[PDB]
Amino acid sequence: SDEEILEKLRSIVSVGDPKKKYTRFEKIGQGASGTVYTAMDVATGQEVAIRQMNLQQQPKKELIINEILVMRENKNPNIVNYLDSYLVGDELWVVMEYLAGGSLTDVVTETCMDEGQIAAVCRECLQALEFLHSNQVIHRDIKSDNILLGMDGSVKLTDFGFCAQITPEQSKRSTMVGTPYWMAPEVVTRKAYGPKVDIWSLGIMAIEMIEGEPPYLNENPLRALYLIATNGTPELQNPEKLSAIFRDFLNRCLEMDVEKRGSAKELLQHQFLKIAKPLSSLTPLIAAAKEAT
């Protein structure tokens, strides 16, 4: 019920108006998702991102309550920090850490990453994933669009609007929530998937970092999902250009057999990650991608 949704949100949020804590509001996006701003925390000077949503036109509000509750209780260095929230009448404000370097998509579409830079990004993402999975949280929409980058080369996962909380009683999910091109084949071929769907998606992201797009991007998402299910592990355009250790890492992320596919904990030990450059090595790519827009 709409009234119970509001009462639940009232309990979660900080009291009063967000304008009593945040100052220099500047709009950076608007849609059906709501309006997104950057702003400054009056007390700390911190630059923040603020999502403003009208609840009278938010169609799946249980998802927002879930998102806030999950983020609040699963803080991690490699996850964009949930900071606070406010509710004014029908208007919900969600205050987040802001990263000014844009998304990994901007980087992969505008620049050419080397293996050391790719390894650094994969490592940071797997750190977030190992934490979430150990906490029985599946992200379920891992893709370059959802990796935000700091000007210092920090790498952080965002958008928990699609995540799942699992239990030993119900350790597998069946809902198709992910973006088609990044979806593991078992999401469509079976009705029981687990945390390793995020590992598959990470593998596809590594393909983005190599080739600039996930496999089948040019195809209708409906066709892509059939292709994923029937082709299985995607083929690289030029696998000879990659190191043997990177090819091995990709093989372990994109294994068809879920049991054989690496977990996040296992993949954190992979020798591909050991060639990682410092995160500072990403800064020129981030600067270049930001300029290119």
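In this text, residue numbers run from 1 along the sequence as written.
- Here 38 to 46 and 64 to 72 are compared by their mean Cα B-factor, and 38 to 46 comes out higher.
- Comparing the deposited coordinates for 168 to 176 and 93 to 101, the stretch with the larger average C-alpha B-factor is 168 to 176.
- Annotation for residue 137: C-alpha temperature factor in the lowest third relative to the rest of the modelled chain, per the entry.
- For residue 27, the recorded CA temperature factor ranks within the highest third of the chain's modelled residues.
- In this PDB entry, the Cα temperature factor of residue 125 sits in the middle third of its chain's modelled residues.
- In the PDB entry, a CA B factor belonging to the highest third of its chain's modelled residues is recorded for residue 162.
- Among the modelled residues of its chain, residue 266 has a C-alpha B-factor that falls in the middle third according to the deposited record.
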